[PDB]
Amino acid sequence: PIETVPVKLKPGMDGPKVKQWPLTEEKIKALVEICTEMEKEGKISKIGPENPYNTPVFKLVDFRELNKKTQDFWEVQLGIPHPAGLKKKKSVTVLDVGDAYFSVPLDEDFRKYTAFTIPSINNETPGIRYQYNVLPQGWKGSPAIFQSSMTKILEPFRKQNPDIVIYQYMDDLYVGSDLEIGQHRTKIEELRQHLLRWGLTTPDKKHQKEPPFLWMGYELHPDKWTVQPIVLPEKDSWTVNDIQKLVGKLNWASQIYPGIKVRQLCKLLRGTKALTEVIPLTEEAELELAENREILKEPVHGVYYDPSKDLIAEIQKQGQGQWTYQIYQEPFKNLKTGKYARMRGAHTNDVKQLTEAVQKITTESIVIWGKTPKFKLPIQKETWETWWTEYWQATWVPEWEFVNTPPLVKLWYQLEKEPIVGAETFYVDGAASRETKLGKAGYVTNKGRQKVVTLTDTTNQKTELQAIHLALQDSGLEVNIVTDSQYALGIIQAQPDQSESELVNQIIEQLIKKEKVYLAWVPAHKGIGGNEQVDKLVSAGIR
């Protein structure tokens, strides 16, 4: 006999006392008819004036207020399994319990809170009052309490049948084995008879579905898994709501369809916009939307997890801070695929985003398979040891190996560690006004040369990069630069191959063409020669 789980309201709260609105006569006849049945079966009990509580009828009755007053539970659907995680099986059936909640009793002291009324037609007259004796539909606690009952109901069966795999999922059981179908079918029926001891019904053999099973949007076979087919509409006018669900279907595709990119369409959704705003697509979105539309013509599927083999993860650069990966155990039979896009916009170089992608994949591998994959990365082992020994933060990757599939991941330039003998020394500075958003950039050289341009609609940060833009533009193949901007010096040591600002990858092209660049920093406002002179020129009309 299933024992009740003791349940309490939240400290300080009392039970619901919501009023019953009058209802149509055709509605009342339907309630009294199914309420008298549930009474006949012992699922509800008539009550009288001793009960102060009430919830209104709707899922038979609506328990909003009661759920707000009910204690919390440790919720059972912490996360969904992913299809990739599951092992291949020989025989799989899905049973759905059909009197699930009706067969779990409700803690005796809690029943008084579930009271509800069927009102009278004439409404001058009082109504029939009832309360629940079993877990009610729509009550916050029903799923976790039912799941706890199911788990102990299945523990004897699980111990007696080690090789069988029962996965509980709401009202459904999913059962798998490597037994052959006949001996599978025998075990399924013993399980039906077991569940039936506690009054839990299930479809007989003639009524059980066959593979594939539709579950959580997946299509589950015994030897493979896929997603249900992904339709994306073709329009000429595109509203922001439409682009929302485009990005949603693509993000859902990207788990099995490789090489999907959405960062171009997400960029259209930046900033506020009423949902019917008819936003015109940027054309390099249509590029990406083209690539995506044809990638979905392909047929795809995922395979299940063989524990006896290694996991392999291989990552490709799709460009513009977009990356894509595949996980497989045997070549060209993928378990799943995914994407990674930095979209902070932060200036980050490809070596770093790569390391970020592997850290996302490592986390996901431990959730799905309980172990970390071996990596195949488009980066040379010395190029990586170059960056991650000069970099300030720690990291760590598990086993990885180089794999030569372009575009590779290289450090585009290399600044000098010491100053370049015989190279012209430029001293740069910028300055801007907040009030008039107006400013100047410039430089001053030890060989006597100087230059000052006036910019419009800038910030102090922008002018300090412009000044570096000028020194690199008006100088030879070997330069020493000194700036006082810890910002400019910093954004250049970290070498952001992508960016949203034209000025900064502009500067990165200049640094690419140059043969030897040494970049140094002095503090502003200290009477240091060179910096003092240029700061005087740049801040003249500005401050």
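So that there is no doubt, residue numbering starts at 1 and follows the sequence shown.
According to the entry, the stretch of the deposited sequence that connects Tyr487 to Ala488 contains no residue lacking coordinates, so the chain runs unbroken between them.
In this entry, 278-286 shows the higher mean Cα temperature factor of the pair 160-168 and 278-286. In this entry, the higher average B-factor at the C-alpha atoms falls on 125-133, of the pair 125-133 and 140-148. For the set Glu356, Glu364, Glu75, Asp204, the PDB entry puts the maximum C-alpha B factor at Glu75. Out of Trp412, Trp225, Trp369, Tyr174, the entry records its largest CA B-factor for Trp412. Among the modelled residues of its chain, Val538 has a C-alpha B-factor that falls in the middle third according to the deposited record. When the CA B factors of the chain's modelled residues are split into thirds, the value for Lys462 lands in the highest one. In the deposited entry, the Cα temperature factor of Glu330 places it in the middle third of its chain's modelled residues. Per the PDB record, residue ranking by Cα B-factor puts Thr36 in the highest third of the chain. Among the modelled residues of its chain, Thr436 has a C-alpha B-factor that falls in the highest third according to the deposited record.
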